[PDB]
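In what follows, a structure is listed as structure tokens, so that the remarks can point back to it.
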Amino acid sequence: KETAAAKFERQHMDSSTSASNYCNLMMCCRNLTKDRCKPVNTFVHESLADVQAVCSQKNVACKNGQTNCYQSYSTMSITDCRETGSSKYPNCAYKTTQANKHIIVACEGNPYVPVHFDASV
Amino acid sequence: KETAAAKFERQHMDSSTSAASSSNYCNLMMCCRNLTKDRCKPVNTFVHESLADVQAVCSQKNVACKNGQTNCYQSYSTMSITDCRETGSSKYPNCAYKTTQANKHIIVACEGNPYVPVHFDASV
């Protein structure tokens with residue numbers, strides 16, 4: 001029969017860091033492991049329209065000193081992908097981390113849309 | 001090679017679908033954890049910390065349990081949880097839940113040898 005301990009675990013436990021293979025597959029399918037392992041990459045899960053809108057949100061400095069960067073007013077759902085210590089092209093391997101943070105993107109063009117992911121904050 | 005806008009989409013955009021949104025987490029979890037088999041459990045919380053961190057609560061802040069027993073304990077700090085509560089149109093056997101994420105202190109009842117959590121009492 002189920003122990004009281006195991007019943008508490010089934011009813012109430014869902015560990016987030018235990019909860020992924022998402023980064024390994026996505027870094028592969030978006031071609032970010034093609035000729036080298038991209039070291040770090042962030043994926044944003046909000047709608048394309050909500051991300052494009054960031055270009056008219058808070059104007060901030062880009063890491064490189066340019067001033068065409070914009071920070072989202074609200075935090076957004078993202079997943080950070082970071083190589084593991086053992087990752088080694090052509091066998092790239094990533095640690096997957098979900099977060100809700102402000103994103104900062106560089107915008108340019110007509111339409112004025114995102115062209116570079118600068119940081120999450 | 002693509003335009004710089006297209007390259008940003010390829011490198012950084014993975015918009016969630018309606019089906020993969022966290023709004024559906026409880027509907028999935030209440031079913032996969034067998035909490036809707038005999039009836040719709042009205043309220044149930046999931047804790048997203050490690051089992052080790054939840055087990056450690058048994059040696060943190062002793063507090064009265066809702067039912068009057070005294071083997072309850074509150075975590076010293078908030079924890080990442082999800083509250084699952086039936087919506088108004090939930091009707092067994094088609095249970096429906098409202099998914100609510102939060103960072104809140106939790107209170108569990110502990111018992112046994114080893115002394116571990118056996119019941120989730122409340123989030124505060």
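In the text below, chain A, chain B and the rest are named by the order of the sequence lines, each starting its count at 1. Side chains included, hydrogens not; waters and symmetry mates left out as well; all remaining heavy atoms used.
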Review point. When rounded to the nearest 0.5 angstrom, what is the spacing between CZ in A:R30 and CG in B:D14?
Key: 5.5 Å

Point to revise | Within residues 82-105 of chain B, residues adjacent to chain A where the heavy-atom gap is under 4.5 Å | key: none

Review point. What residues of residues 51-76 of chain B sit under 4.5 Å from chain A when you count only heavy atoms?
Key: B:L51, B:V54, B:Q55

Check your understanding: Mind checking which of residues 113-124 of chain B sit less than 4.5 Å from chain A, heavy atom to heavy atom?
Key -> B:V116, B:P117, B:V118, B:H119, B:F120

Check your understanding: Which region of B:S16, side chain (C-beta onward) or backbone (N, CA, C, O), has a non-hydrogen atom less than 4.5 Å from a non-hydrogen atom of chain A, or is it both or neither?
Key -> both

Review point. Between the main-chain N or O of A:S15 and the side-chain N or O of B:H48, is there a donor-acceptor pair closer than 3.5 Å?
Key: no

Review point. When heavy-atom pairs shorter than 4.5 Å are enumerated against chain B, which of A:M13, A:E9, A:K7 gives the highest number?
Key: A:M13

Review point. Looking only at atom types and distance, does a side-chain atom of A:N41 sit under 3.5 Å from a main-chain N or O of B:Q11, one as donor and one as acceptor?
Key: yes

Exercise for review: With chain B as the partner chain, list the residues of residues 19-28 of chain A whose heavy atoms fall under 4.5 Å from it, by residue number, and write 'none' if nothing qualifies.
Suggested key: A:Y22, A:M26

Review point. In terms of hydrophobic clusters joined by side-chain contacts under 4.5 Å, are B:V47 and A:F8 together?
Key: yes

Exercise for review: Measure distances from A:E46 to the heavy atoms of chain B and classify the residue's part below 4.5 Å as side chain, backbone, both or neither.
Suggested key: backbone

Check your understanding: Same cluster or not: are A:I78 and A:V105 linked, directly or through other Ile, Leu, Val, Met, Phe, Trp or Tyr residues, by side-chain heavy atoms under 4.5 angstrom apart?
Key -> yes

Practice item. Find out whether B:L35 and A:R10 are in side-chain contact, i.e. whether some heavy atom of one side chain is under 4.5 Å from a heavy atom of the other. Key: yes

